[PDB]
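Have a look at the structure below before the remarks.
Each value in this text was obtained by applying a stated rule to the coordinates, not by laboratory testing. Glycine gets a Cβ as well: all are built from the backbone with ideal geometry, and neighbour counts include every protein chain shown.
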Amino acid sequence: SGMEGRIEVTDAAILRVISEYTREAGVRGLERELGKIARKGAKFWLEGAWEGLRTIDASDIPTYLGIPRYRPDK
Amino acid sequence: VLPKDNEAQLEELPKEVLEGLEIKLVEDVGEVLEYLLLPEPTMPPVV
C-alpha cells in the first residue's frame, strides 16, 4: 500500500480482527482486512498527518473498519 | 425492528433516514411479541 515505517499494529489489533471483523480458515480475507486498514490509514494520513509512529490497539481498529463482514462462529 | 447483529450494518444508511427511523434492536421473539401487540383482545377466538 506504499506505506513506510510510520504505523503499526500490536497483537491486540490482531485479537480484535480475529475476534470480530473476520471469519475464515485462511488468510485471504485477513489480507483484505489489513488492506482496508492500510488504505484507511493512508487516506487519513494524506488528509491529516501524525508524527513518527502510530500504534494500533483494539481502539484504533473500529475507527478504520467499523463494519464486520463475516461474524465468526463463536 | 431489526436483529441485534445488524446494528453494524447501519453505516450505509443515510443519516437523514437514520434520524428519521427509530430503529429498535432485538435479541428474541419474546421482545417482538410484547412490542407489537395491543394488550387487549378484540375478537372472539375459535375455541
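Here are the numbers for the structure shown:
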item	result
Distance from chain B to the range A:23-74 (C-alpha centre basis), Å	32
Compactness of the protein assembly as shown - radius of gyration and Dmax, Cα, Å	21.2, 76
Among B:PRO41, A:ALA49, A:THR22 - extreme Cα towards positive end, dipole of the protein assembly as shown, charges at beta-carbon	A:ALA49
Mean projected area (nm²) of the alpha-carbon convex hull when the range A:1-56 is viewed from all directions	4.1
Above-threshold pairs, the threshold being 27 Å between Cα atoms, out of A:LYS36/B:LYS24; A:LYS36/B:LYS15; A:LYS74/B:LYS15; A:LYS36/A:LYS74; A:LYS40/B:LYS24	A:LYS36/B:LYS24; A:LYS74/B:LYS15; A:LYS40/B:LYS24
Other-chain or far-sequence residues with amide H under 5 Å of A:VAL9's (modelled H)	A:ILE56
Cα point-scatterer Debye curve for chain B, base-10 log of I(q)/I(0) at q = 0.18, 0.20, 0.31 Å⁻¹	-0.69, -0.77, -1.13
Loop-located chymotrypsin sites (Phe, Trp or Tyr not before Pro) in chain A whose Cβ has at most 16 other Cβ within 10 Å (DSSP)	A:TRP50, A:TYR70
Only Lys, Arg (+1) and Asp, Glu (-1) charged, at Cβ; chain B dipole about Cα centre in debye	200
Dipole magnitude of the protein assembly as shown about its Cα centre (Cβ charges: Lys, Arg +1; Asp, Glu -1), debye to nearest 20	600
3J(HN,Hα) from dihedral phi, the range A:6-15, Karplus parametrisation 6.51/-1.76/1.60, rounded to Hz, x for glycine, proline	9, 8, 7, 8, 8, 8, 5, 5, 5, 5
Vicinal HN-Hα couplings computed from phi for the range B:10-27 (Karplus, 6.51 cos²θ - 1.76 cosθ + 1.60; Hz; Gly/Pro x)	8, 7, 8, 5, x, 5, 4, 8, 5, 7, x, 9, 6, 6, 9, 10, 9, 10
Folded to 0 to 90 degrees: helix A:28-47 orientation relative to chain A principal axis, Cα	30
